[PDB]
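Visitor: Sharing a structure below in structure tokens format, with a few things to ask.
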Amino acid sequence: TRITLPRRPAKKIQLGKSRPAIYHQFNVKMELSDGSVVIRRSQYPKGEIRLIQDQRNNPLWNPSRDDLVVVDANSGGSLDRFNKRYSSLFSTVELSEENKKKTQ
Amino acid sequence: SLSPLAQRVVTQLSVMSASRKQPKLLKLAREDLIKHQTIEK
Amino acid sequence: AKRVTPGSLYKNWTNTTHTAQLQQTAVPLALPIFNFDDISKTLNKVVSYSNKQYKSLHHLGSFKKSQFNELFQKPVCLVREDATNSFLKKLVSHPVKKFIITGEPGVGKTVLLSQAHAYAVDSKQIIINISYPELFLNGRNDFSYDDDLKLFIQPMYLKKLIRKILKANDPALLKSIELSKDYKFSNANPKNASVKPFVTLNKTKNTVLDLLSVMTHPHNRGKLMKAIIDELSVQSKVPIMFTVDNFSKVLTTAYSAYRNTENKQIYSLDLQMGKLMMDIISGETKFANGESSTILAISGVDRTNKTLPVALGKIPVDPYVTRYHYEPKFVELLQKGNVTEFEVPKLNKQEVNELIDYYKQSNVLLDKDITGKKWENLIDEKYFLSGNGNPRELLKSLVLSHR
Amino acid sequence: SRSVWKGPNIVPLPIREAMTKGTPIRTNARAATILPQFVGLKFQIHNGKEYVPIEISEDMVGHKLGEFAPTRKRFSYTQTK
Amino acid sequence: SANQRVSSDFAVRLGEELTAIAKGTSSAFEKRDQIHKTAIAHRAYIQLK
RNA sequence: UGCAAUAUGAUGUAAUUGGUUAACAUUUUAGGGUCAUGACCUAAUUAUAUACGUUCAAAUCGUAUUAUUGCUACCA
RNA sequence: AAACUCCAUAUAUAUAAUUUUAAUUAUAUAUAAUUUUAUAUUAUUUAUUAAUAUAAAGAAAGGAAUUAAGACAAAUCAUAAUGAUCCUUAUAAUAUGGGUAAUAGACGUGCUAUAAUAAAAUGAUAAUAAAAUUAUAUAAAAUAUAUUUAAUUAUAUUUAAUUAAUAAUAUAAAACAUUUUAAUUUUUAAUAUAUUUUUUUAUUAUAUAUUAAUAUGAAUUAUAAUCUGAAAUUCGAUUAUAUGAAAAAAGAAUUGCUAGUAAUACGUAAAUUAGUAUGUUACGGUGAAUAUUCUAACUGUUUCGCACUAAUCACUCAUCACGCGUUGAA
Ligand SMILES: Nc1nc2c(ncn2[C@@H]2O[C@H](COP(=O)(O)OP(=O)(O)OP(=O)(O)O)[C@@H](O)[C@H]2O)c(=O)[nH]1
Ligand SMILES: [Mg+2]
Ligand SMILES: [Mg+2]
Ligand SMILES: [Mg+2]
Ligand SMILES: [Mg+2]
Ligand SMILES: [Mg+2]
Ligand SMILES: [Mg+2]
Ligand SMILES: [Mg+2]
Ligand SMILES: [Mg+2]
Ligand SMILES: [Mg+2]
Ligand SMILES: [Mg+2]
Ligand SMILES: [Mg+2]
Ligand SMILES: [Mg+2]
Ligand SMILES: [Mg+2]
Ligand SMILES: [Mg+2]
Ligand SMILES: [Mg+2]
Ligand SMILES: [Mg+2]
Ligand SMILES: [Mg+2]
Ligand SMILES: [Mg+2]
Ligand SMILES: [Mg+2]
Ligand SMILES: [Mg+2]
């Protein structure tokens, strides 16, 4: 019932002729949420990449900072449309109007 | 006769393998070998 | 697989009757020849055209579908005296010669146009006929935008129309005209294509006969037609008669199906083959020759709006009507040139009598009206069934309606 | 879909205790919309006989509280053959 | 017999078939003939009621 | 140290001078049903077993797999 | 049972000062038909007779309401009312929600398809109706946006006129001209043709390559958004872009219709609503063909049998299982 691809007769790699494995890697630049950049070795042919969510904008790794904005992927799903759809209500008036319910 | 999944995994294991991807052995002259020995020391 | 053997009728009824030679079996009959100078001699007679008129009226497209032109060897006309004579007489004697033919569906608006074309070929005139204007306004042809001639051009229809003009009009009459300007076009002729990229014309040494013959590229064919019409406008030797049939389509379809590069629909006047055709009726294109003459004809296969009634003065002007049903620019273009109408009167009992006589002679009637009917009763009944003199209804009663 | 110009459907429900303390909001108002202010609050939505607990995620905003409290549970045909 | 022709218009097909029958190239004469032969065969069963 | 025949099923089954389907039957599909028993339809399974030759035809001759016949050895 | 009756038919008479015009109309009364004669032929209770023939005169031809007695202990105690019972801090009252709406195989009755004797787009001196609704209403024109000249369809903004033979719902729609329309190389281009020009005849391309999988179908989904309502989540109808499934006319069997009927990709109005019909109830448009020889199936009577009579769902024959009695034999 199992599916497997057949084993071909392995080529014999003689004693002393066995070379190491050096896969092709690029010196890729990786930008964090802040302006910091780290050079690293990657096998993907992309020399440059930036991150939107990472260590530099996580509360657990950033306890001391007072203000810390969070963000997610853009142009995907229906995110932020729950705000774009309602323009009449906008940002402290709602906070004041949410004072109490007076129910018991 | 193979499946498209079989082809995909064969490509993945091609990326694994060293066949048809490694360059020639590095053979250095005697003088450059001595240079390299000094570098490493 | 290919079940359509050659020579088998596969199109609709109308197309089959129109294209298939249903007249190969028709009966030959000696009839008078259509000539205006002998109109007093053939005032009320079912007369046939001459070979000149038949070779013409064909390239021009004077004979159409759904006319029962196949019941006879070749198309024939009754001449009449209140439509053909009453029209051609004023055409000859009217200071400004531009008319539009109106009437009810089936009256003979086309046949009268064909009679006018026959008179033109008889009277040695250069004829331009556009016939069905839906072809260049429907969107089934190619177009482009000409930077110099700031208009849209339609190379396929332009080629067809220039070929119509050249193949119909007389080589002698066309060669009699000498060019006034020098025109330089591109070359699209396979012969001498590589040697010369542009063909050249010269003043008073070439003629319109080969001006039409030159073959240019699609993008330059618009300028080609501009040259044709401008030279024919400045010539003053032989008259030029310009004719458009089914003018209702153009005066009701202001915006073509041709769509601009931004979803807009291109305006008919913004599109060439409408500007050329409208400037001549309006009077921007002046023909030097005295008796050029212009004729238009509406069709009953087209919707009606207030444009034509307001242009002809049949009703007042209502400015609140929507553009889909009233077009002040078209009205203004029609009124700037003093176009006058011409309603084709319906047939009389005597006209029906002569038509039925000819139909009997040609054997297109039935035992029903040949055996048990007396001529007076038959003519009265058909005159009554034809809506008191509608030729199409008369033919349908006689031939099509079998029970 | 409720017309946007009317504004979101909002019902009086207690949120001040929900933020100041950890008290969950138990309610039968299944037709109320999940505004951006409820994220992180624990709700107990009535399903017909019992209150189902749910935590509000940033994606639930714009939906109705009653979409995550099924009222009827799945059908199972007992063939016995 | 007219529906076995090519024209997309029933009027054209029917006119073609009627023309064929007028010139005597119908494909149902054999049906008439078979029915008539069967009647000739069953003449005996006739019983004036 | 050589050779023989088997299977389209949920219950086996066509046959002989060359192109194409190989019953039943089984089953909720079910016949005709006065709501009704209890005789097709409708509802399941062949793909000439992976090879070799030919005219626009190979079930037909070899080998080989699902494996139970009958001789010789039977003074090892 | 027929007649009497209501909707329809014809005629008259009376009302409308023909600007509630539909006088081609409205509805009050009466008349008429459940049609009359004349010769023909078969016949035949003899002429007093029917079935036909059809010269004649008449406008004259339909429809629905009414379905007895007995029955099937047919349906209804959920339209309401009721006898017996059975709940009385419930089996009686209120609100918040969730049920009635779930989905394996079945089964009815309908809607929409599967293309060319047929489906879309246009038809402004607006081709042609009937019957209804509007004080718990109705929505004309007009202006804005979806979408660019318009128009057409959806929403908003204003609400005109009319409680209505007067405004409005509402320019019926199919027919009928025109254009198109894949399977289809049955097509479209390029040049040439010529008396088919909205067209045909040539030579090339339109050929993964002729017997079903679109430019048919609109189910199922994604996302804006809009109506009504306090509120569509479970569960309401809408336009917009996208999505584009099954279906290539259907097996035993089977349904309705005999004329203004069936059929109709013909539409129209009302009831039930704050809102939502593929249902119900009504109105008109266009309009068929088929029939005088079958076994069967129901009935109204009839004739033959009857041991049934709360009557064939009748009644009624045993030995074997249960208890008690009496007599044989031995
Ligand atoms: N002999 C003869 N036939 C005529 C005449 N006029 C009309 N007919 C016939 O009647 C038909 C009427 O069609 P047309 O002549 O196109 O009439 P029309 O009024 O132009 O028609 P639409 O354009 O469709 O409104 C013609 O095709 C002829 O068959 C005439 O003068 N003589
Ligand atoms: Mg015409
Ligand atoms: Mg021994
Ligand atoms: Mg009665
Ligand atoms: Mg009764
Ligand atoms: Mg019951
Ligand atoms: Mg009660
Ligand atoms: Mg229900
Ligand atoms: Mg029913
Ligand atoms: Mg169709
Ligand atoms: Mg449709
Ligand atoms: Mg109309
Ligand atoms: Mg009315
Ligand atoms: Mg309006
Ligand atoms: Mg239509
Ligand atoms: Mg479609
Ligand atoms: Mg739908
Ligand atoms: Mg659906
Ligand atoms: Mg309603
Ligand atoms: Mg009786
Ligand atoms: Mg009885």
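Chain labels A, B, ... are given in the sequence in which chains occur in the structure tokens; within each chain residues are numbered consecutively from 1, and ligands are likewise numbered from 1 in the order shown.
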Residues up to 7 Å from ligand 12, counting only C-alpha atoms (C1' of nucleotides) and all ligand atoms: could you list those as an MDAnalysis selection string?
Guide: chainID G and resid 126:127 171
Visitor: Would you put the residues from that selection into a file with C-alpha atoms (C1' of nucleotides), as a PDB file, in the first residue's frame?
Guide:
ATOM      1  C1'   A G 126     -44.388  54.672 -28.714  1.00  0.00           C
ATOM      2  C1'   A G 127     -48.927  48.022 -33.095  1.00  0.00           C
ATOM      3  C1'   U G 171     -45.976  52.807 -23.344  1.00  0.00           C
TER       4        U G 171
END
Visitor: Could you report the residues within 9 Å of ligand 7, using only C-alpha atoms (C1' of nucleotides) and all ligand atoms, as a list in words?
Guide: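 So, counting only C-alpha atoms (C1' of nucleotides) and all ligand atoms, the residues near ligand 7 are residues 77, 78, 79, 80 and 81 of chain G.
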Visitor: Check which residues fall inside 9 Å of ligand 19 when counting only C-alpha atoms (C1' of nucleotides) and all ligand atoms, and print them as a ChimeraX atom specification.
Guide: /G:270-273,277
Visitor: Can I get the residues close to ligand 5 as an MDAnalysis selection string, where close means within 9 Å and we count only C-alpha atoms (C1' of nucleotides) and all ligand atoms?
Guide: chainID G and resid 67:71
Visitor: Produce a file of the selected residues containing N, CA, C and O atoms (P, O5', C5', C4', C3', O3' and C1' of nucleotides), as a PDB file, in the first residue's frame.
Guide:
ATOM      1  P     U G  67     -75.274  21.020  -3.659  1.00  0.00           P
ATOM      2  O5'   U G  67     -75.873  19.592  -4.010  1.00  0.00           O
ATOM      3  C5'   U G  67     -75.890  19.132  -5.353  1.00  0.00           C
ATOM      4  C4'   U G  67     -75.630  17.651  -5.443  1.00  0.00           C
ATOM      5  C3'   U G  67     -74.723  17.080  -4.357  1.00  0.00           C
ATOM      6  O3'   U G  67     -75.113  15.742  -4.053  1.00  0.00           O
ATOM      7  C1'   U G  67     -73.703  16.789  -6.473  1.00  0.00           C
ATOM      8  P     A G  68     -75.259  15.258  -2.529  1.00  0.00           P
ATOM      9  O5'   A G  68     -76.806  14.919  -2.377  1.00  0.00           O
ATOM     10  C5'   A G  68     -77.755  15.924  -2.050  1.00  0.00           C
ATOM     11  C4'   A G  68     -79.146  15.348  -1.967  1.00  0.00           C
ATOM     12  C3'   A G  68     -79.298  14.141  -1.052  1.00  0.00           C
ATOM     13  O3'   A G  68     -79.520  14.515   0.296  1.00  0.00           O
ATOM     14  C1'   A G  68     -80.280  13.672  -3.154  1.00  0.00           C
ATOM     15  P     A G  69     -78.754  13.761   1.485  1.00  0.00           P
ATOM     16  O5'   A G  69     -79.482  12.351   1.573  1.00  0.00           O
ATOM     17  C5'   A G  69     -80.843  12.248   1.960  1.00  0.00           C
ATOM     18  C4'   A G  69     -81.303  10.816   1.903  1.00  0.00           C
ATOM     19  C3'   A G  69     -80.402   9.819   2.613  1.00  0.00           C
ATOM     20  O3'   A G  69     -80.700   9.733   3.995  1.00  0.00           O
ATOM     21  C1'   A G  69     -80.907   9.034   0.436  1.00  0.00           C
ATOM     22  P     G G  70     -79.612   9.199   5.045  1.00  0.00           P
ATOM     23  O5'   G G  70     -79.802   7.621   5.023  1.00  0.00           O
ATOM     24  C5'   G G  70     -78.779   6.764   5.502  1.00  0.00           C
ATOM     25  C4'   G G  70     -78.341   5.790   4.442  1.00  0.00           C
ATOM     26  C3'   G G  70     -76.870   5.416   4.456  1.00  0.00           C
ATOM     27  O3'   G G  70     -76.575   4.400   5.395  1.00  0.00           O
ATOM     28  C1'   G G  70     -77.523   5.960   2.255  1.00  0.00           C
ATOM     29  P     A G  71     -76.067   4.775   6.867  1.00  0.00           P
ATOM     30  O5'   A G  71     -74.889   3.740   7.129  1.00  0.00           O
ATOM     31  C5'   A G  71     -73.546   4.064   6.809  1.00  0.00           C
ATOM     32  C4'   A G  71     -73.216   3.743   5.373  1.00  0.00           C
ATOM     33  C3'   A G  71     -71.742   3.823   5.009  1.00  0.00           C
ATOM     34  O3'   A G  71     -71.043   2.641   5.345  1.00  0.00           O
ATOM     35  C1'   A G  71     -73.045   4.927   3.360  1.00  0.00           C
TER      36        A G  71
END
Visitor: Using only C-alpha atoms (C1' of nucleotides), which residues sit within 6 Å of residue A:25 once same-chain residues fewer than 4 positions away are excluded, as an MDAnalysis selection string?
Guide: chainID A and resid 41:43
Visitor: For residue E:16, list every protein, DNA or RNA residue within 12 Å, evaluated using only C-alpha atoms (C1' of nucleotides), and leave out those in the same chain fewer than 2 positions away; present the list as number ranges by chain.
Guide: C: 8-10, 13, 16; E: 1-7, 9-14, 18-23, 25-26
Visitor: What gap, in Å, lies between atom CA of residue C:315 and atom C1' of residue G:166?
Guide: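 It comes out at 29.7 Å.
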Visitor: Within 9 Å of ligand 16, counting only C-alpha atoms (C1' of nucleotides) and all ligand atoms: which residues, as number ranges by chain?
Guide: G: 214-218, 244
Visitor: When the cut-off is 7 Å and you count only C-alpha atoms (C1' of nucleotides) and all ligand atoms, which residues lie near ligand 10, shown as a PDB file with N, CA, C and O atoms (P, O5', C5', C4', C3', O3' and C1' of nucleotides), in the first residue's frame?
Guide:
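Below you can see pocket19.pdb, which holds the result:
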ATOM      1  P     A G 115     -29.423  21.454 -27.530  1.00  0.00           P
ATOM      2  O5'   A G 115     -29.866  22.903 -28.012  1.00  0.00           O
ATOM      3  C5'   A G 115     -31.170  23.402 -27.739  1.00  0.00           C
ATOM      4  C4'   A G 115     -31.647  24.317 -28.836  1.00  0.00           C
ATOM      5  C3'   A G 115     -31.489  23.762 -30.247  1.00  0.00           C
ATOM      6  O3'   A G 115     -32.548  24.227 -31.081  1.00  0.00           O
ATOM      7  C1'   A G 115     -30.208  25.732 -30.030  1.00  0.00           C
ATOM      8  P     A G 118     -38.860  26.142 -32.656  1.00  0.00           P
ATOM      9  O5'   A G 118     -37.288  26.375 -32.595  1.00  0.00           O
ATOM     10  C5'   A G 118     -36.539  25.999 -31.445  1.00  0.00           C
ATOM     11  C4'   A G 118     -35.884  27.193 -30.801  1.00  0.00           C
ATOM     12  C3'   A G 118     -36.841  28.312 -30.408  1.00  0.00           C
ATOM     13  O3'   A G 118     -36.398  28.925 -29.204  1.00  0.00           O
ATOM     14  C1'   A G 118     -35.243  29.143 -31.931  1.00  0.00           C
ATOM     15  P     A G 119     -36.878  28.350 -27.787  1.00  0.00           P
ATOM     16  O5'   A G 119     -36.081  29.241 -26.743  1.00  0.00           O
ATOM     17  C5'   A G 119     -36.008  30.645 -26.911  1.00  0.00           C
ATOM     18  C4'   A G 119     -34.616  31.165 -26.664  1.00  0.00           C
ATOM     19  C3'   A G 119     -34.484  32.676 -26.633  1.00  0.00           C
ATOM     20  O3'   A G 119     -34.838  33.219 -25.378  1.00  0.00           O
ATOM     21  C1'   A G 119     -32.824  31.787 -28.042  1.00  0.00           C
ATOM     22  P     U G 216     -23.635  31.392 -24.452  1.00  0.00           P
ATOM     23  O5'   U G 216     -24.474  30.094 -24.837  1.00  0.00           O
ATOM     24  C5'   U G 216     -25.591  30.183 -25.706  1.00  0.00           C
ATOM     25  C4'   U G 216     -26.635  29.141 -25.388  1.00  0.00           C
ATOM     26  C3'   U G 216     -27.119  29.095 -23.950  1.00  0.00           C
ATOM     27  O3'   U G 216     -28.113  30.064 -23.691  1.00  0.00           O
ATOM     28  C1'   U G 216     -26.688  26.897 -24.735  1.00  0.00           C
TER      29        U G 216
END
Visitor: To one decimal in Å, tell me the separation between atom CA of residue C:34 and atom CA of residue C:54.
Guide: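 For atom CA of residue C:34 relative to atom CA of residue C:54, the distance reads 10.7 Å.
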Visitor: To one decimal in Å, tell me the separation between atom CA of residue D:25 and atom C1' of residue G:230.
Guide: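 Pair atom CA of residue D:25 / atom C1' of residue G:230 returns 21.4 Å.
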Visitor: Step by step, measure atom-to-atom distances between ligand 18 and each residue using only C-alpha atoms (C1' of nucleotides) and all ligand atoms, keep those at most 12 Å, then write them as an MDAnalysis selection string.
Guide: chainID G and resid 111:112 218:221 245 278
